[PDB]
Amino acid sequence: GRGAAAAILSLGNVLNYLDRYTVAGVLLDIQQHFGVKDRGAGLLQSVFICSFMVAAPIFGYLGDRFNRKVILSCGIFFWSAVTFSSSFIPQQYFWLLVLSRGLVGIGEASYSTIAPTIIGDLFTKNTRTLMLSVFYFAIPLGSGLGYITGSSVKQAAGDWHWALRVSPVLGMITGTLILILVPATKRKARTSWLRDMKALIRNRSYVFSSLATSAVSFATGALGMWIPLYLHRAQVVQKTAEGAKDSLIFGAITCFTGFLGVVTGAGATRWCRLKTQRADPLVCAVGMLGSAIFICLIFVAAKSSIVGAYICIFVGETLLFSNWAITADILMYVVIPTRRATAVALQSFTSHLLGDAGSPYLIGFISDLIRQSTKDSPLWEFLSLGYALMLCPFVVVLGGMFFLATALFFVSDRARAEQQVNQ
Amino acid sequence: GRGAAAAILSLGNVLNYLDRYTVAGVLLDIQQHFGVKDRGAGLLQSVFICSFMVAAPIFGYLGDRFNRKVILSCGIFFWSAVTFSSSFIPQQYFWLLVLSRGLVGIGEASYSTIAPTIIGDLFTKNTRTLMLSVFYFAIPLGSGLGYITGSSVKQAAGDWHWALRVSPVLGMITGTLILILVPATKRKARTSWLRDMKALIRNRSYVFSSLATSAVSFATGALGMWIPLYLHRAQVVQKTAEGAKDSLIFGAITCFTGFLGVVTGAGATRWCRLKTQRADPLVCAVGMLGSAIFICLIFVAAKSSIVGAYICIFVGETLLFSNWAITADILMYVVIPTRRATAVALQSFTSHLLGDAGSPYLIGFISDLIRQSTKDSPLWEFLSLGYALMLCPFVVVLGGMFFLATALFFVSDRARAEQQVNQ
Amino acid sequence: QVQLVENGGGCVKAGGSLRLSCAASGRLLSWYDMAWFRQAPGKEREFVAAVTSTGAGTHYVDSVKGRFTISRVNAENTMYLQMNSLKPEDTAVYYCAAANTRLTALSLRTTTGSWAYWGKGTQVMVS
Amino acid sequence: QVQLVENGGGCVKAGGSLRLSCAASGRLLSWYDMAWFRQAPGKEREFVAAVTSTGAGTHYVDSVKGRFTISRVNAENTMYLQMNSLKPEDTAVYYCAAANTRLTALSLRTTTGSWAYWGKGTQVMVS
C-alpha cells in the first residue's frame, strides 16, 4: 500500500504544520496565562525555528544512515508527547513551555526532512513527484488548520490547554497508521561539502536567491506569528468587539491564499518564461513588491476596520506565497546537479537563520520597546505591534531587490553552470 | 509417396525406351524370320515414329482434359499387351507386326507426353527438378537396356519372340505400381495457336534450330536402328565371327555415351557461355561436326575391324548426344514465354517428321536399291548398308550448318523476343 | 558473379545534364538485365530505369519518363543513364542493379528484390 | 512546440567553407539545447555537434573536431554550423535537433534519442 502510505504521509504533514501553528493560534491565551511580554511570545517561535534548523541536517544524515520510517514514526510519537506535556506545563514555568516548543521543533524537522526521502524511495518516478506535490500542499492547509483548530478548541473548551491537548491524540493515531502502512524502502566527505560550498559562494544568483528566500521566511514567520494578535488588538481598539474569530478567519484565508498563490505563481511564471530566459527570478520580485505594498496597507487598514485588513491579508498572502514554487526552479537552474543537494541544504539553513529564526523575537522586542517608551494601554499595544509588523514590508522589498539581482545574473550564471557541466 | 511415385515414373520411362529399342535389338532375327527386306525393317521403326508423332499432341490435349495418371496407366497396359501380342504374331503376317509397332508407338507417346506433366503437378521445387532430371536420364539408359535385353534374351532363349515376351510382364507390374503409388494431382484456341505459329515462323533462329534438331533426330533414328545389323554384317564379312554380342556392346556404349554426352555438353556450353552470347548454339554445331566426321569414319573402320568401329561409336555418340541439353536452352532463349509451349510442340513434330519418321525406311530403301543393282552376297549387303548409313553424316553436317545459322541469328532474335516481352 | 561500379555522379545545377555509368567486369554483361534505382535520404530505393540484357527494351518509371535515357553497351560491358532537366526531387543516391537474365516484364520487376546484384551507387544532387 | 528549419546547405568543392543555419520560431531558442546530426543515405544518423541552450558549452564528435564550429545566436533564435576543410566522408544530410533544457552532459547525450525535436535535414555534398 504505497499510495495509502503516501496519503498517511500527507496527513502527517498536515498535522505537523497544524501542531506548528497551533501555538500561534492561541498566542493571546498563552501570553495572558503566563503573563509574559511580547518578547517571550516571539521567543517561543524563534526557539522552535532554531531547533528545526539545528535538527534538519542532522536528521537528514541520520536518515541516510538508518531506516527512514522508524525515525519518522519515532519523531511523530516524540513531538506528540511533547505537545501533550506542553498542555500540562505549570503556569509558573514558562521556560518549560519554551523547551517543549524547541523539542517539538526538533521532531517536526525530523519529519520534514525524512518524509520526502520516503516518498522518493517508494515510487522514484512521476507518480512519486505527484506524491511529493500533495505532500507539499499539506503545508498551507496544515498552517490554516493549525490556526483554526487552536482558536476553535480554545473557544469551545474555555481553556487554551485543550487546543494543545487535542493534537497529540491525532499525532499518536497518525504515527501508528504511518508505522503500519508505510513499507520499508531501501534506496573526506566534509572536504567535498566544503568545496561544494565554496563553489556556491562563488555563484552570485544563488547567494541573492538565498538572501531573498531568507527575507521571505522572515516575513512569513513574523506575520504568521503576530497577525492574529494584531487583529485582536485592532478589534479591541475599535468600538466593535467579537479574538478567536479573527484567528479562525486568518487561518482559512491563509490556507486559501497558499493554494491560490502557488497556482497563480506557477501560471504567471509559465507565461513569462515565453518572454525572456530571466523571467523565472523576475516574477518573484514583482510579486513580492506588490505583496510588500499590501503587507503595509493592511496595517493602516487594520486601524480603520478588520474587513479591509482581511482583504489585504488575502492579496498579500497570495503574492508572497507565489514565490516558493519559483525559488526551487531558480536554485535548480542556477546550481549544477552535483552541488544541488548541498545548495538546497545551505539555502534552507540561511533562509531559516537570516529570517524566520530571528523574526518573531525581533517583532516582540520592537513592540515591547515601543510600549515601554510610551504610555501603556491597549491602543498603544496595538500601535507598537503595528510598527513592529510594518518593519517586515521593508524586508520584503529588500528580498524583492535580491530577486531582481538574481534575475540580472541568472542568464550569465546559467551559462557558467552549463559550461562547467560540459567540461 | 510423391518421391516413390516419381521413382516409378522414371522406371516406367526406362522400360518404355527398353521396349522401343527391343525391336532394334532383335532386328536381324525379325528380318530372317519374316523373310522381309531391309525396307520393311526400316518401316517398322518409321511406323512407330509416325504413330508417336500423331499421338503426342492428342495425348497432351487428353491429359489437359482428363486426369493424367489414369491415361498413363492405361497406356502402360495397352502397349504391354500389344508387345505381348507382337511376340505371338504369325510368321506369315508381317503387316500385323507393323500395326502392333504402331500401336506401341501410340502408347509410348502417351507415356512420354503425360509423365512430365505428372512430375510437374506433383512438386514445384528443386526436388521436382531433380525428379524431372532422373526421368530425362532414363532415356539413354532405356535405349541401351532395350538393345542389351533384346540381344541377351534372343540368344539365351534361342528365340527372338522371347525378347518381346519378357518386357510386357515388367510393363504390367510397372503399370500396377504406377497406378498405386502415383497420387492424383490437379493443376478460338486454334486461332491463337495459329497466331503463335505464324510468330514462330517469323523467327529465324527457331526455324533453324528446328531443322537442325530434325537432322539430329534423323541421324539418331537411322543409326540406332541400323548400326547393330551393320556390325553383324561387318563381322560376317570379316573372317572372325562371334550378332548378339555386337548389339549388347552397342547398347552398353549407347547408355554410357548418352550419359557422357549430356554431361560434357552441359560443361562445354557452361564454359563457352562466358565467352560469347552466341555460345549456346555454336557449341552444338561444333559437336555435331566432329560427330559427323566420326559418324563417317566408323563405316570405313567397320570394314577393317569392329573394335575401331566401337571406339568410333563411343566418340560419335557422345558428340551427337551433347546436342539435346542445349537445344532446349536455345529454344527457351529464342521464343517468348507465351509461345514456348507451342514452339516446343511444333519443334518436336518437325524433328520427328523431317528426320526420325522417314530415316529408317529411307536407309532400308537405299540399302535394298544398292543390293538389287548389284550382285547379291553378304559382303554386298554390308556395303549397301554402309552407304545408306554414310548418307547420315551429310545430314548431320547440314544440321551443324543449321545450328551455325542459329548462332548467327541468336543475338538479333533474342533482342526481338525481349523487345516484344517489354511491349 | 558480377561486380557493379557506379561513377559519374556529382553536383549539378538545376536543368543540367549528367551521365551515370555502371561498369561490370565479373562476367559478360550480355547475360544480365540491368537497372538504376535511386534511394532518397529518408525513403527506400525506388525504380528509376531498367534495360534488358540485350538492350532492345527499356523501361522508365512514370515520374522520370521523358527526362532520363538508359542505354547499355555490351562491348564495354557498361550501362549509361543520361539525365536531363534535373529537378530537386531527383536528388538521391543512384545504385546500379544487375539480375540473371529472365523473360519477365521489366514493368513487373519493380520490387527491387528480383535483382540479385547491387553496387555502392553514385550520389547525384540538383541545384 | 518548437519547429526546426534547416537552410544554407549546398554543394561545395573539397576543402571549401560552408555554413548550415538552423532556425526555430515556435518557442524561444534560449530554452532548448541544440545539435547537428548527420545521416547517410544508407546509414543511421550520427552525432556531428551539440550546443547548450545558452551557448557557453559546445561539444563535437572526435571525427569532426577541429574542422566544424557550432555557434548559436539566441537573439536571432538561430544556430550556425561553420564547416571547413570538407572531406567526402562529410557528405550526408544534416538534421537539426532541439531538446528540453536539462543539465545532462552533451557528450553523454549522443544517443540521438534524448532530442525530442527534429527538422527536415539540409544535405551537403563535397567532392
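In square nanometres, what is one fourth of the surface area of the convex hull spanned by the alpha carbons of chain B? Show your work: numbers first, answer last.
Numbers: hull surface 82.5 nm².
Spelled out: convex hull of the Cα atoms, projected over all directions, averaged, 20.6 nm².
Return the inverse of the average 1/r over all pairs of distinct C-alpha atoms in region B:112-249, which is the Kirkwood hydrodynamic radius, in Å to one decimal. List each step's numbers first, then the result.
Working: mean 1/r = 0.0515 Å⁻¹.
The answer is 19.4 Å.
Extent of region A:61-131 along each principal axis, from alpha carbon coordinates, in Å, largest to smallest?
Cα spread of region A:61-131 along its principal axes, largest to smallest: 52, 25, 14 Å.
Projected onto the charge dipole of region A:1-187 (+1 at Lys/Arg Cβ, -1 at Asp/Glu Cβ, origin at the Cα centre), which of A:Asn126, A:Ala55, A:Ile30 gives the Cα projection farthest towards the positive end?
Looking along the dipole axis, the top candidate is A:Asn126.
For region B:188-423, evaluate the Debye formula with one uniform point scatterer on each Cα (no solvent term) and list log10 I(q)/I(0) at q = 0.13, 0.14, 0.16 Å⁻¹, rounded to two decimals.
Normalising to I(0) and taking log10 leaves -0.79, -0.88, -1.06.
Given charges of +1 on the Cβ of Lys and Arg and -1 on the Cβ of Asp and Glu, with all other atoms neutral, how large is the dipole of region A:188-423 about its Cα centre, in debye to the nearest 20? Before the final figure, lay out the partial values.
Values: 20 positive and 12 negative charges, 164 e Å.
Its charge dipole is roughly 780 debye.
Using θ = phi - 60° and the Karplus relation 6.51 cos²θ - 1.76 cosθ + 1.60, list the HN-Hα couplings for region B:158-165 in order, rounded to whole Hz, with x at every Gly or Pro.
For region B:158-165, the Karplus curve yields x, 9, 6, 5, 5, 4, 7, 6 Hz.
Neighbour counts of other C-beta atoms within 10 Å: give me A:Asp329, D:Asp62 arranged from fewest to most.
Working: A:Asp329 16, D:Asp62 7.
Fewest to most other Cβ atoms nearby, the residues stand as D:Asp62, A:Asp329.
May I ask you to sort B:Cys74, A:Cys296 by Cβ crowding, counting other Cβ atoms within 10 Å and putting the fewest first?
Numbers: B:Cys74 14, A:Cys296 19.
Going from least to most buried by this count: B:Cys74, A:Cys296.
Run the numbers on region B:1-187 and let me know its relative contact order in percent, using alpha-carbon pairs under 8 Å that are six or more apart. Present the calculation step by step, with values, prior to reporting the outcome.
Values: 265 pairs, mean separation 83.1, N = 187.
Averaging sequence separation for qualifying contacts and normalising by length gives 44 percent for region B:1-187.
Can you give me the Cα centroid spacing of region D:71-114 and region B:43-121 in angstrom?
83
Quick check of the Kirkwood formula: for the protein assembly as shown, what is the inverse mean of 1/r over all pairs of different Cα atoms, in Å?
Working: mean 1/r = 0.0251 Å⁻¹.
So the Kirkwood estimate lands at 39.8 Å.
What ranking do A:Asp368, A:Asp159, B:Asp280 get, fewest neighbouring Cβ atoms within 10 angstrom at the top?
Values: A:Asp368 20, A:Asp159 16, B:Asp280 23.
Least to most surrounded, the residues fall as A:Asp159, A:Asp368, B:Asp280.
Among B:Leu362, B:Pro281, B:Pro378, flag the residue with its Cα farthest along the positive direction of the charge dipole of region B:274-398, charges on Cβ as +1 for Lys/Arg and -1 for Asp/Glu.
It is B:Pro281, whose Cα lies furthest towards the positive end.
Output, in nm with one decimal and in ascending order, the distances from the A:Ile58 label point to the matching label points of the other copies (7 Å from Cα along Cα-to-Cβ).
So the distances to the same position in the other copies read 12.0 nm.
Which whole-number percent is the relative contact order of region B:257-394 (Cα, under 8 Å, 6+ apart)? The partial results should precede the final answer.
Values: 119 pairs, mean separation 37.8, N = 138.
So the answer I get is 27 percent.
Rg/Rh for region A:1-83: what does it come to with C-alpha atoms and Rh from Kirkwood? Kindly include the intermediate steps, with their values, before the conclusion.
Numbers: Rg = 15.7 Å, Rh = 14.8 Å.
Ratio of gyration radius to Kirkwood radius: 1.06.
Run the numbers on chain D and let me know its relative contact order in percent, using alpha-carbon pairs under 8 Å that are six or more apart.
35
Which percent of Cα pairs goes in each bin when the distances of region B:1-187 are cut into 5 angstrom slices starting at zero?
The distribution over region B:1-187 is 1, 9, 17, 21, 20, 13, 9, 6, 3, 1, 0, given as percents.
Let me spell out the model: positive unit charges on the Cβ of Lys and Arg, negative unit charges on the Cβ of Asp and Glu, origin at the Cα centre of chain B. What dipole size does that give, in debye rounded to 20? Show your work: numbers first, answer last.
Numbers: 34 positive and 19 negative charges, 260 e Å.
With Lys and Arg at +1 and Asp and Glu at -1, about 1240 debye.
Where nothing but the Cβ of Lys and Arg (+1) and of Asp and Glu (-1) is charged, how large is the charge dipole of region B:1-187 around its Cα centre, in debye to the nearest 20? Spell out each step's value before the answer.
Numbers: 14 positive and 7 negative charges, 106 e Å.
Computed about the Cα centre, the dipole is about 500 debye.
Every number here is computed from the coordinates shown, using simple stated rules; none is lab data. FYI the Cβ positions are ideal-geometry reconstructions off the backbone, even for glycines, and counts take in every protein chain you see.
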